[PDB]
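Trainee: File name input27.csv; file contents CSV, N, CA, C and O atoms; full text below.
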```
chain,number,residue,atom,x,y,z
A,1,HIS,N,7.9,13.0,17.4
A,1,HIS,CA,7.2,13.4,18.6
A,1,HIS,C,6.7,12.2,19.4
A,1,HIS,O,6.3,11.2,18.8
A,2,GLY,N,6.6,12.3,20.7
A,2,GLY,CA,6.2,11.3,21.5
A,2,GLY,C,5.3,11.7,22.7
A,2,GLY,O,5.3,12.9,23.0
A,3,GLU,N,4.5,10.9,23.2
A,3,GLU,CA,3.6,11.2,24.3
A,3,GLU,C,3.8,10.3,25.5
A,3,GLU,O,2.9,10.0,26.3
A,4,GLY,N,5.1,9.9,25.7
A,4,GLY,CA,5.4,9.0,26.8
A,4,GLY,C,5.2,7.6,26.5
A,4,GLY,O,6.2,6.9,26.2
A,5,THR,N,4.0,7.1,26.7
A,5,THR,CA,3.7,5.7,26.4
A,5,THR,C,4.5,4.8,27.4
A,5,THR,O,5.1,5.2,28.3
A,6,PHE,N,4.4,3.5,27.1
A,6,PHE,CA,5.2,2.5,27.9
A,6,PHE,C,5.7,1.4,27.0
A,6,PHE,O,5.4,0.2,27.2
A,7,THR,N,6.5,1.8,26.0
A,7,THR,CA,7.1,0.8,25.1
A,7,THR,C,8.5,1.2,24.7
A,7,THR,O,8.8,2.4,24.6
A,8,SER,N,9.4,0.2,24.5
A,8,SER,CA,10.8,0.5,24.2
A,8,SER,C,11.6,-0.9,24.1
A,8,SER,O,12.4,-1.0,23.2
A,9,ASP,N,11.2,-1.8,25.0
A,9,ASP,CA,11.9,-3.1,25.0
A,9,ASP,C,11.1,-4.1,24.3
A,9,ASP,O,11.1,-5.3,24.6
A,10,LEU,N,10.3,-3.7,23.3
A,10,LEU,CA,9.5,-4.6,22.5
A,10,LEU,C,9.9,-4.5,21.0
A,10,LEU,O,9.3,-5.0,20.1
A,11,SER,N,11.0,-3.8,20.8
A,11,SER,CA,11.6,-3.6,19.5
A,11,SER,C,13.0,-4.2,19.4
A,11,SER,O,13.4,-4.6,18.3
A,12,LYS,N,13.7,-4.3,20.5
A,12,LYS,CA,15.0,-4.8,20.6
A,12,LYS,C,15.1,-5.9,21.6
A,12,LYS,O,16.1,-6.6,21.7
A,13,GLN,N,14.1,-5.9,22.5
A,13,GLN,CA,14.1,-6.9,23.6
A,13,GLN,C,13.0,-7.9,23.5
A,13,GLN,O,13.2,-9.1,23.7
A,14,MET,N,11.8,-7.4,23.0
A,14,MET,CA,10.7,-8.3,22.9
A,14,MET,C,10.5,-8.6,21.4
A,14,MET,O,9.9,-9.6,21.0
A,15,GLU,N,11.1,-7.7,20.6
A,15,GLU,CA,11.1,-7.9,19.2
A,15,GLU,C,12.3,-8.7,18.8
A,15,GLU,O,12.3,-9.5,17.9
A,16,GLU,N,13.4,-8.5,19.5
A,16,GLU,CA,14.6,-9.2,19.3
A,16,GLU,C,14.2,-10.7,19.3
A,16,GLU,O,14.7,-11.5,18.5
A,17,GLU,N,13.3,-11.1,20.1
A,17,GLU,CA,12.7,-12.4,20.2
A,17,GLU,C,11.5,-12.5,19.3
A,17,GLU,O,11.3,-13.5,18.7
A,18,UNK,N,10.8,-11.4,19.2
A,18,UNK,CA,9.6,-11.3,18.3
A,18,UNK,C,10.0,-11.7,16.9
A,18,UNK,O,9.2,-12.4,16.3
A,19,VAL,N,11.2,-11.4,16.5
A,19,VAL,CA,11.7,-11.7,15.2
A,19,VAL,C,12.0,-13.2,15.2
A,19,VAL,O,11.8,-13.9,14.1
A,20,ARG,N,12.4,-13.8,16.3
A,20,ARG,CA,12.7,-15.2,16.4
A,20,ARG,C,11.4,-16.0,16.2
A,20,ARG,O,11.4,-17.0,15.6
A,21,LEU,N,10.3,-15.4,16.8
A,21,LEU,CA,9.0,-16.1,16.7
A,21,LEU,C,8.3,-15.6,15.4
A,21,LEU,O,7.5,-16.3,14.8
A,22,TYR,N,8.6,-14.4,15.0
A,22,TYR,CA,8.0,-13.8,13.8
A,22,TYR,C,8.5,-14.6,12.6
A,22,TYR,O,7.8,-15.0,11.8
A,23,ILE,N,9.9,-14.7,12.6
A,23,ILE,CA,10.5,-15.4,11.6
A,23,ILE,C,10.1,-16.9,11.7
A,23,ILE,O,10.0,-17.6,10.7
A,24,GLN,N,9.7,-17.3,13.0
A,24,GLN,CA,9.2,-18.7,13.2
A,24,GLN,C,7.9,-18.8,12.5
A,24,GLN,O,7.7,-19.7,11.7
A,25,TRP,N,7.1,-17.8,12.7
A,25,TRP,CA,5.8,-17.7,12.1
A,25,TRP,C,6.0,-17.8,10.6
A,25,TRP,O,5.1,-18.3,9.8
A,26,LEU,N,7.1,-17.3,10.1
A,26,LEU,CA,7.5,-17.3,8.7
A,26,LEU,C,8.1,-18.6,8.4
A,26,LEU,O,8.0,-19.0,7.2
A,27,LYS,N,8.8,-19.2,9.3
A,27,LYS,CA,9.5,-20.5,9.1
A,27,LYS,C,8.5,-21.5,8.4
A,27,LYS,O,9.0,-22.3,7.6
A,28,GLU,N,7.3,-21.4,8.7
A,28,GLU,CA,6.3,-22.2,8.1
A,28,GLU,C,5.6,-21.6,6.9
A,28,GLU,O,5.1,-22.3,6.0
A,29,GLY,N,5.7,-20.3,6.8
A,29,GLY,CA,5.1,-19.5,5.7
A,29,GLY,C,4.1,-18.6,6.2
A,29,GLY,O,3.2,-18.2,5.4
A,30,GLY,N,4.1,-18.2,7.4
A,30,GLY,CA,3.2,-17.2,8.0
A,30,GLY,C,1.9,-17.0,7.2
A,30,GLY,O,0.9,-17.6,7.6
A,31,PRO,N,2.0,-16.2,6.2
A,31,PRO,CA,0.9,-15.8,5.4
A,31,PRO,C,0.6,-16.9,4.4
A,31,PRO,O,0.6,-16.7,3.2
A,32,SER,N,0.3,-18.1,4.9
A,32,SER,CA,0.0,-19.3,4.0
A,32,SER,C,-0.3,-20.5,4.9
A,32,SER,O,-1.2,-21.3,4.6
A,33,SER,N,0.4,-20.7,6.0
A,33,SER,CA,0.2,-21.8,6.8
A,33,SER,C,-1.2,-21.9,7.4
A,33,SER,O,-2.0,-22.8,7.0
A,34,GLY,N,-1.5,-21.0,8.3
A,34,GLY,CA,-2.9,-20.9,8.9
A,34,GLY,C,-2.9,-20.1,10.1
A,34,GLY,O,-3.5,-20.5,11.1
A,35,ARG,N,-2.2,-19.0,10.2
A,35,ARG,CA,-2.2,-18.1,11.3
A,35,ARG,C,-1.7,-16.7,10.9
A,35,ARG,O,-1.1,-16.5,9.9
A,36,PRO,N,-2.0,-15.7,11.8
A,36,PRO,CA,-1.6,-14.3,11.5
A,36,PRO,C,-0.2,-14.1,12.0
A,36,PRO,O,0.4,-14.9,12.7
A,37,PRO,N,0.3,-12.9,11.6
A,37,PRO,CA,1.7,-12.5,12.0
A,37,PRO,C,1.8,-11.9,13.4
A,37,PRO,O,0.9,-11.1,13.8
A,38,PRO,N,2.8,-12.2,14.2
A,38,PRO,CA,3.0,-11.7,15.5
A,38,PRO,C,3.2,-10.2,15.5
A,38,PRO,O,2.9,-9.5,14.5
A,39,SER,N,3.6,-9.6,16.7
A,39,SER,CA,3.8,-8.2,16.8
A,39,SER,C,5.2,-7.8,16.3
A,39,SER,O,6.2,-8.7,16.4
```
Show me this structure written as structure tokens.

Mentor:
Amino acid sequence: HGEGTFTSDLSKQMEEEXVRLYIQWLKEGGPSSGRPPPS
């Protein structure tokens, strides 16, 4: 079920990149380096 909202290109378009930076966040060890995980 959905209520409209305004999201869709943040899973494949902003997340497609988000993973690039998320994985980047991980490239250093995300949960160990000294910062929180992205979206």

Trainee: Which polymer residues have any atom within 8 Å of an atom of range 7-10 of chain A, counting all atoms listed in the file, with same-chain residues fewer than 5 positions away left out, as JSON, numbers by chain?

Mentor: {"A": [15, 16, 17, 18, 19, 39]}

Trainee: Please report, as JSON, numbers by chain, each residue of chain A to which DSSP assigns alpha helix (DSSP H) when run on this structure's backbone.

Mentor: {"A": [15, 16, 17, 18, 19, 20, 21, 22, 23, 24, 25, 26, 27]}

Trainee: CA of residue 21 in chain A and atom C of residue 36 in chain A are how many Å apart?

Mentor: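 CA of residue 21 in chain A sits 10.5 Å away from atom C of residue 36 in chain A.
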
Trainee: I'd like the interatomic distance between CA of residue 6 in chain A and CA of residue 20 in chain A, to a tenth of an Å.

Mentor: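 Computing the Euclidean distance for CA of residue 6 in chain A and CA of residue 20 in chain A yields 22.4 Å.
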
Trainee: In Å to one decimal, how far is atom C of residue 34 in chain A from CA of residue 22 in chain A?

Mentor: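 Interatomic distance, CA of residue 22 in chain A to atom C of residue 34 in chain A: 13.1 Å.
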
Trainee: Got a sec: who's within 7 Å of residue 37 in chain A, counting all atoms listed in the file, leaving out chain neighbours fewer than 4 positions off, as a list in words?

Mentor: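 Neighbouring residues, sequence-local ones excluded: residues 22, 25, 30 and 31 of chain A.
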
Trainee: Generate a file for chain A, containing C-alpha atoms, as an mmCIF file, in the first residue's frame.

Mentor:
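To be explicit, this is the file written out as decode-v3.cif:
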```cif
data_model
loop_
_atom_site.group_PDB
_atom_site.id
_atom_site.type_symbol
_atom_site.label_atom_id
_atom_site.label_comp_id
_atom_site.auth_asym_id
_atom_site.auth_seq_id
_atom_site.Cartn_x
_atom_site.Cartn_y
_atom_site.Cartn_z
ATOM 1 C CA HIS A 1 0.000 0.000 0.000
ATOM 2 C CA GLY A 2 1.105 3.558 -0.703
ATOM 3 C CA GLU A 3 0.080 7.121 0.113
ATOM 4 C CA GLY A 4 1.665 8.875 -2.852
ATOM 5 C CA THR A 5 4.753 10.433 -1.291
ATOM 6 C CA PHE A 6 7.579 11.807 -3.436
ATOM 7 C CA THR A 7 10.208 9.073 -3.750
ATOM 8 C CA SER A 8 11.227 6.607 -6.464
ATOM 9 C CA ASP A 9 14.526 7.775 -7.960
ATOM 10 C CA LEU A 10 16.352 7.341 -4.698
ATOM 11 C CA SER A 11 16.506 3.584 -4.901
ATOM 12 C CA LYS A 12 17.713 3.131 -8.448
ATOM 13 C CA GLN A 13 18.811 6.623 -9.333
ATOM 14 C CA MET A 14 19.902 8.223 -6.082
ATOM 15 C CA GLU A 15 20.591 4.886 -4.499
ATOM 16 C CA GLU A 16 22.280 3.614 -7.661
ATOM 17 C CA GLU A 17 24.804 6.253 -6.650
ATOM 18 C CA UNK A 18 23.937 5.961 -2.968
ATOM 19 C CA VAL A 19 25.424 2.486 -3.172
ATOM 20 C CA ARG A 20 28.513 3.999 -4.766
ATOM 21 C CA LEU A 21 28.879 6.308 -1.772
ATOM 22 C CA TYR A 22 27.365 3.821 0.639
ATOM 23 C CA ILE A 23 29.830 1.255 -0.489
ATOM 24 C CA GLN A 24 32.298 4.145 -0.320
ATOM 25 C CA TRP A 25 31.260 4.676 3.282
ATOM 26 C CA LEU A 26 32.006 0.974 3.531
ATOM 27 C CA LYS A 27 35.218 1.226 1.492
ATOM 28 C CA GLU A 28 36.770 2.570 4.689
ATOM 29 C CA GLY A 29 34.728 0.375 7.013
ATOM 30 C CA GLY A 30 31.642 2.521 7.559
ATOM 31 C CA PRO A 31 30.787 1.083 10.976
ATOM 32 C CA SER A 32 34.330 1.499 12.305
ATOM 33 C CA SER A 33 36.030 4.409 10.533
ATOM 34 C CA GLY A 34 34.242 7.317 12.184
ATOM 35 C CA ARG A 35 30.954 8.148 10.480
ATOM 36 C CA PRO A 36 27.356 6.922 10.044
ATOM 37 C CA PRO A 37 25.871 5.085 7.028
ATOM 38 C CA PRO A 38 24.260 7.066 4.154
ATOM 39 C CA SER A 39 20.689 6.634 2.911
#
```
